[PDB]
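S.K.: coordinates for the following, if possible.
(chains A, B, C, D, E and F)
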Amino acid sequence: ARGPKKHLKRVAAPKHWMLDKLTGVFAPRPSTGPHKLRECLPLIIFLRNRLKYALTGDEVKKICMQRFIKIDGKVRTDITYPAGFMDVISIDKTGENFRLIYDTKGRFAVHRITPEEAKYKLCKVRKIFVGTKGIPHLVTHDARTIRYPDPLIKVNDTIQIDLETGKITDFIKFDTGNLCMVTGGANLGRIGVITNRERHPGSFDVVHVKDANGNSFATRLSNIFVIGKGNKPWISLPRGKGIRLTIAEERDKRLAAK
Amino acid sequence: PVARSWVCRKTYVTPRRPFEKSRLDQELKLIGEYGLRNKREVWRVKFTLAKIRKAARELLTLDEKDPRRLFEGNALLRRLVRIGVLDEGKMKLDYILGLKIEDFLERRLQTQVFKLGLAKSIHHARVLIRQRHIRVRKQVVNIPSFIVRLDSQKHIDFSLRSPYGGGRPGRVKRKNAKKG
RNA sequence: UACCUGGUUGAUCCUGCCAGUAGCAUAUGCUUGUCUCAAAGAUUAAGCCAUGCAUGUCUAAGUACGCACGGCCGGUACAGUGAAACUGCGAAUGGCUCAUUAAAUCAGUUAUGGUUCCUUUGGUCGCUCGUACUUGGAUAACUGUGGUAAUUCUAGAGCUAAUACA
RNA sequence: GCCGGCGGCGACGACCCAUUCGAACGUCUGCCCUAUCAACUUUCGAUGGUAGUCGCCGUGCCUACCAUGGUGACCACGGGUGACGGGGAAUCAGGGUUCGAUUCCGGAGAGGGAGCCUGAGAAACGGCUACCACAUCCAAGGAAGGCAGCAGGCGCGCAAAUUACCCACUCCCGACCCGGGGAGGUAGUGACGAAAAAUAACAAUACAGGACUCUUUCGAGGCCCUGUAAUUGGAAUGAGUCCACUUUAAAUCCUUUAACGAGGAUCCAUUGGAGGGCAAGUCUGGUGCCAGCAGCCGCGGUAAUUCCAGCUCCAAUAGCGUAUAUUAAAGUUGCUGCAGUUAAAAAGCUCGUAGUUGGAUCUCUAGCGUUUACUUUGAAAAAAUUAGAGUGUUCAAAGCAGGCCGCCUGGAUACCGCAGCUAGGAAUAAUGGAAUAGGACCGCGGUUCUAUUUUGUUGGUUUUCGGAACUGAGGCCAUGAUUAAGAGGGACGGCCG
RNA sequence: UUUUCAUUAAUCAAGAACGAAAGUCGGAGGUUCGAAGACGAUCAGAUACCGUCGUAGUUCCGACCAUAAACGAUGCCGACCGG
RNA sequence: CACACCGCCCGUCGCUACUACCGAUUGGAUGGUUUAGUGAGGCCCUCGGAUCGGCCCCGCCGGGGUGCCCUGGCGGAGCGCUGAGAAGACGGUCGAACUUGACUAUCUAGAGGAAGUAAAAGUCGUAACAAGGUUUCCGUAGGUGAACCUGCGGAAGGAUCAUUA
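M.R.: Numbers count the residues shown, from 1 in each chain, chains lettered A, B, ... in the order given. I have put the structure below:
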């Protein structure tokens, strides 16, 4: 069609939001921002559907327009603003801080953090370039362009940024025997340790990840995010420890709890 | 575009040959025994049984160590133990094929209301249920085709409001009491 | 539920089709108590349309000398609500329909190291060695005189704004 | 506010880079019927080359000058399509066949073509400009058109609803918490179709009723059944009427609940059949090969099991006929899986290109190994749909919820042709590794050039080491050709017709 | 056949060779038989069967034509299965 | 043939109904390709300059600086020299559309011509099924109201699986 699309049909929305069929015809339609439309989360969904604070669409803008909600220590009134992976949502009214981490089954989970941990965030560097009198530059997965990076930071490494400033505190290299998390494909939300990468020139690089419970799986390089140094994570994990336990013991656990 | 679902399903299959003695008899025996309204209700239970049997048959063909067969098999058997057409002893997938229409028609609320001695005939039970006299747990049901769960069996009581149970005279008794 | 049954002969065994049997959709007939869910001018004519409506929009924050309102304080440029109009943005989304279209459309897979991109989100914005304590002209709105049988037609005259135009 | 200058919190802006939403051009593989379409394209660009032009860029996109190419029985080109393409739908043993205008994705067009302004984005039509076809007003000078948006009307036809109410929900747009939206929501019409489910149940009477016990029979019972009783009896009740709520933007419907409401419970169940196929009457009136029935075979000509009726019975049941497209039946399109002596069918006969099929045999040193097909694994692959886990919608079709006395939960999982990526296997099937030996493997002679270490650094000559093609010889390989098909060609020998 | 070549094969859209009798063009020759036609019989009628005659043809040389119950109504190549 | 040879059955010609084919009318109708000629409208280029400002020079003149310069009012004209700029015009390009011939898709009335199928009490014969009273059938050729008859060469699906040293 002519020009860009403005709407989004409800059934055409990405599955990990878990919008039901009958509520309406349209969906939230995440607006342009740091994270991709397919792999983000509108605040209207997070507030209304996940935290169960707002009932209707009006209550969400009535919350947001009173400027009670910050994303990465910055006030956002846009109810369809895309907050994606590693983004820290802060409610300073009720003093509640959330980090958006994918759960085992492959969706953003309502994972609370201490206010002391809502100071920094981890970020995967997309590229590294230099320009105009050679001040080198870095670009990350949440589109934060940072000047004068540490020259030890190469492409596909992770960096820890203080949210109040815009400067790198510490960084993790992408090497063998490092804790990573999958952010795309069948294995989305699984945490594990790198074993090796198999470089395919002129094509996608494939990496092999071993889980804590002896489960080994492969994934594309683009869908990898280093979260810890060695085996120890630099952030809190969700309810489960990123362990994909199968339907058999899912049933056994559920029936055991009953 | 409208915010409506069009997910609707047929619950009965008509017979291939419309007029056939031996068959018509067998269906009329089932109606007569369990006071069913019409032959749709017999075909409904045949269709549901057939689908359970087809699920069991297509599970058997997979190998005995397959995770999918194990999980699906256990879930099917659990549900058929839950509804009360099997027991813990006979809880093998092979035995699913050895069920029949009688086993499923026994679990109708109409049948159980008759078998527990609330009603004094198979025809009386269907009326009594439909008239809002019967209730399971604390829920007043008026659905003859309510398939009763094994654990939910031990309490089918008269709905408290009911004249028969609750203790409130109806139109006939009220009218006879006023003209008495 | 991996199914068949009538029909060529005086009778028989075949080839073979016609007829029956069940499902699904469009029409249509007669019948029609309760309750939930629910398709619906596609086929023929992407044939033709009276009438009404379907795209508009203001925050403390671009332009307020409409008394249209009452309010201070009375030598306080501008108390405020705010029609109108200039300015900004939207109107390229949505909805409808299936005429076209046969390696075309389209689907799965890869490429832009061969290109553009409003907007959002980051970066950048005394890095340049050469009236400023704020420069210039107009035009709406408004008032006043009009033309045409006629339209969301507009000419002439008198003022006045900028995040308009310089 | 701080000692006439210096400042904090925003909002509008902004050249350029990154990002998000895209968009546009491409890459590989995949589509229905037609030979009564066999050669097509290149005058006027067809295929490629060099240089430009134009464009946001790559490019015959276009111009100039050259070359003579490019596609095609592996079906080009041309014609047809009651053809928008997919996700899907119906049917169904396994294989398949048929449909997919229609709610999600992509494409296209606003009566037919063409041209353009504005803008980041349009060749926009609820923007403009012209022509073609239709048509509105008119003072005849001129003016104004676009429902394949929602209603509604005409036409067309076998075929399809209200000139309704609201931005409250889901979202979109704007300077914007505040405005607007026939997107969308809610009613009305609605037997397109799908789920649940009324039209009675129980008790008491008599049977020249049935079974069970006693008597050899007759004839004896609160043991269990029975109806064509308008016989007898109170008990239960939704359909309707109609308060009050709840529901809702406001209402409606439903659920909830006062009052009324069942004895031909006249508060009445229909649509098709009753010779066979095929469940049900050789019962009684009427008609007389006339009227009609009959999908097919057949029934009717004065005793009609079949017509028009009465009575009775059967089938499915709030539904059941009839017509027509389509699927199974059809192993009557046959890949699985059919036929071809006589039922329909092997060319009169031989050669022959394309096509298909094809005899034994051979047990790893950052680069490889001779390359595939085949098979197993891995990542990638939109939801909805389909299968399928969990969950008492009061059950179910559904829905994605819910459950416990502020809490503990769920929103799984599988499949996803083909082709393209990834790592194992090496049976099976193609292909080749050395035949006038320029064949492998080893150390040996020289020609040209170069690496950019070196004579602490620096300028001129000559070098080696690091690395190539060309060669004049040499040693070694257990040096190199599998067999010769009751496959086939050819040779020769004596006949034969 | 104690010879040779060493997979060169099988079956075949397109495209080819041949193809009875009759039939059509030109030349040669015409014995017999004989479509057409002329008569004589039989017959209700016979335009046929039977008989007498007879043109084209039947025969040869050079061009065409491409069909038959062109039949074993039975495609070709290869293996196995009784006397 | 089975109603059983008093059987079955073939064609011409005859009446009726329903289909289709051929056909002079160089038949109309609608739509698509195009030879040739014309060319609305935009867009581009080269011009064009209706109008609208500014710079200027004096006439009547205030104040400051020191006859001259800056500073305030106004009117005149210089083809003076700078900017803006509408109508219109040559040329270029995209190009709807129009006039005339040609090619071609479908439907469409048609004098008259010549078929097929169904209708079963029409008429003339009896071709076939028996050795069907001339065995039947195939290919080709000629001739008859009609089935058919005849020549030449085949076939048995014949009425002969056989005929003798």
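S.K.: from the chain's centroid, how far away is the strand or helix carrying residue A:197?
M.R.: If you go by DSSP states H and E, residue A:197 is part of strand A:191-198. Centre-to-centre, strand A:191-198 and its host chain are 19 Å apart (CA atoms, centre = their mean, to the nearest Å).
S.K.: same check, this time on stretch A:205-222
M.R.: In terms of CA atoms, centre = their mean, the centre of stretch A:205-222 is set 18 Å apart from its chain centre.
S.K.: can you get me the start-to-end distance on that stretch?
M.R.: 8 Å (CA to CA, to the nearest Å).
S.K.: identify the bridge partners of residue A:108.
M.R.: residue A:102 (DSSP bridges).
S.K.: give me the neighbour count for it.
M.R.: By other CB atoms under 10 Å in any protein chain shown, 23 other residues sit near residue A:108. Every C-beta, even on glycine, is put in place using the N, C-alpha and C of the backbone.
S.K.: isn't it up against residue A:39?
M.R.: No - shown here, residue A:108 and residue A:39 do not form a contact pair, counting by CB atoms under 8 Å, at 9.8 Å.
S.K.: paired strands for the strand holding residue A:197, with orientation please.
M.R.: By DSSP bridges, strand A:191-198 pairs with strand A:179-182 (antiparallel), strand A:206-210 (antiparallel).
S.K.: most tightly packed of the ones you listed?
M.R.: strand A:179-182 (a mean of 24; mean count of other CB atoms under 10 Å in any protein chain shown).
S.K.: run through who's touching that strand.
M.R.: A:101-102, A:188-194, A:207, A:209, A:219, A:223-233, A:242 (CB atoms under 8 Å, 6 or more residues apart in numbering or on different chains).
S.K.: residue 83 - how many residues pack around it?
M.R.: Went with chain A since none was named. When neighbours are counted by other CB under 10 Å, residue A:83 comes out with 26.
S.K.: you looked at the wrong chain, it should be chain B
M.R.: A count of neighbours around residue B:83, defined by other CB under 10 Å, yields 15.
S.K.: equivalent analysis for the one 10 residues further on, please.
M.R.: Per other CB under 10 Å, the neighbour tally for residue B:93 reads 19.
S.K.: same question for residue A:222.
M.R.: 13.
S.K.: just the one 10 residues further on next, same as before
M.R.: Residue A:232 has 8 neighbouring residues, counting by other CB under 10 Å.
S.K.: distance of it from RNA strand D?
M.R.: 25 Å (CB to the nearest atom of the strand, to the nearest Å).
S.K.: quick one: contacts for residue 101?
M.R.: Let's take chain A. Listed by CB under 8 Å, 6+ apart, the contact set of residue A:101 reads A:85, A:86, A:108, A:109, A:111, A:181, A:235, A:237, A:238.
S.K.: that answer is for a different chain, and I need it for chain B
M.R.: Applying CB under 8 Å, 6+ apart, the residues near residue B:101 are B:30, B:42, B:45, B:46, B:49.
S.K.: you'd agree the first one is in a helix?
M.R.: It stands for residue B:30. Yes - counting by DSSP: H, G, I helix; E, B strand; the rest coil, residue B:30 is located in a helix.
S.K.: give the burial count for it, as a bare number.
M.R.: Using other CB under 10 Å, residue B:30 has 18 neighbouring residues.
S.K.: swap in the second one?
M.R.: Other residues near residue B:42 come to 20 when the count uses other CB under 10 Å.
S.K.: I'd say it and residue B:31 touch.
M.R.: Yes - using CB under 8 Å, residue B:42 is in contact with residue B:31, at 6.7 Å.
S.K.: and the nearest residue in space to residue B:99 that is not next to it in sequence, how many neighbours?
M.R.: With sequence-adjacent residues excluded and distances taken as CB to CB, 6 or more residues apart in numbering or on different chains, residue B:99 is closest to residue B:85, at 5.9 Å. Using other CB under 10 Å, residue B:85 has 20 neighbouring residues.
S.K.: look up how far residue B:137 lies from residue B:85.
M.R.: Residue B:85 sits 21 Å away from residue B:137, taking CB to CB, to the nearest Å as the criterion.
S.K.: what's the answer for residue B:115, then?
M.R.: Counting by CB to CB - residue B:115 and residue B:137 are separated by 18 Å.
S.K.: now swap in residue A:59 and tell me
M.R.: 36 Å.
S.K.: and if you look at residue B:30?
M.R.: Per CB to CB, residue B:30 is found 29 Å from residue B:137.
S.K.: between residue A:59 and residue B:137, who's got more neighbours?
M.R.: residue A:59 (14 against 10).
S.K.: show me the contacts for the residue in the stretch 151-258 of chain A that RNA strand C sits nearest to.
M.R.: Minimum separation of the stretch 151-258 of chain A from RNA strand C (CB to the nearest atom of the strand) falls at residue A:166, amounting to 4.5 Å. Contact partners of residue A:166, counting by CB under 8 Å, 6+ apart, are A:144, A:146.
S.K.: would you list the phi and psi of it?
M.R.: Backbone torsions for residue A:166, taken as degrees, to the nearest 10, come to phi -140, psi 40.
S.K.: where along the stretch 101-250 of chain A do the strands fall?
M.R.: A:112-113, A:120-131, A:135-140, A:146-147, A:158-162, A:168-172, A:179-182, A:191-198, A:206-210, A:216-220, A:224-226, A:228-229, A:232-233 (DSSP state E, counting those that start in this stretch).
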